[PDB]
Every structure is written in C-alpha cells, then in structure tokens.
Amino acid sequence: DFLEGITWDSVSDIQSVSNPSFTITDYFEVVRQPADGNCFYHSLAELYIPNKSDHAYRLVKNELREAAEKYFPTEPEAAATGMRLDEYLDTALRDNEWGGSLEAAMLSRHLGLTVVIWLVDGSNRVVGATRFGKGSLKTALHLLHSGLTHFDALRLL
C-alpha cells in the first residue's frame, strides 16, 4: 500500500507536501496530453470529464471561473499575487495560460475533489508531491509535473 503509506505534511488548510521516492511509471499510467499551454486542464479533463475530446479542457476552465469567484479572494496562493478576481479570470481563462497549483486548490474545493500533483526528474522518479484535499488517493485526480513546465495525466494502474 505504498501510495497510502506516503506521509503528507500540511502546509495549508487544503494543501499538503511530501518527499516520496518512487518511479511514477511503476504505479501509474501516463496519458500524455498536448503541448498547447492548456495541458493542466487537458490532463484534468481526461481524468474527470467522462466524455473525452480535444475541447474537454474548456469545460474544466469554465468550472474554474466559478471556483475562482468562490475561493480566489480567500485562497492562500492567491494572496501572494497582486491580482484580484477580475484580472485573474481575464489572464487565466485565456488560451496558452499555464494552470497548476493555484488552479488545482480552488478546483479541489469547488468540485469536492482531491488533487495530487506528482513532480518527476526526467527518469520518471518523483522529486516531490503536492496534494490538494485530504481525501483518499485511490479516488484522487493524479497529475504529473514533468519539469516545472508541463502537466500530463496519470491513471492508477
């Protein structure tokens, strides 16, 4: 029960951190999603939206606008940015705008989901991981952070 054996340190109300040591390919199937700048939402749409399409990512971004209206004023990773709701929605809902940790936190709250972001080394070994939500990891959405620049979807094998 390795993934369940992983211990997470709380760094927020909705966010935890960990330093695991394994190759993501041994426990997960990687579903590579396009390099169009919308892959965070493309990788979420593959795992969450039941109907798969090249434009399923838009549905995830639209769910994010509702989530930002609800939680962006009270989000910890949003207190750092000098951005307020209306600027964020203009910037983020645009094409080729990178999503990630801040977007995953609000989506985990608004959709009642637990989102885990696994970071890799270029050999598929995990350098670290962030979990948004405290739900079970067998029901969670698994995302791969290749480099610090790309997001692919992960399905449990």
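Numbers follow the displayed sequence, beginning with 1.
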Check the entry's C-alpha temperature factors for 40-48 and 121-129, then say which stretch has the higher mean.
-> 121-129
Do the C-alpha atoms of 98-106 or of 23-31 have the higher average B factor in the entry?
-> 23-31
Name the third of the chain's ranked CA B-factors that contains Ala56, choosing lowest, middle or highest.
-> middle
Third of the chain's Cα B-factor distribution that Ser16 belongs to, per the entry | middle
Taking the C-alpha B-factors as the PDB entry records them, is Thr139 in the lowest, middle or highest third of its chain?
-> highest
For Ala67, return the chain-relative third of its C-alpha B-factor as stated in the PDB record: lowest, middle or highest.
-> middle
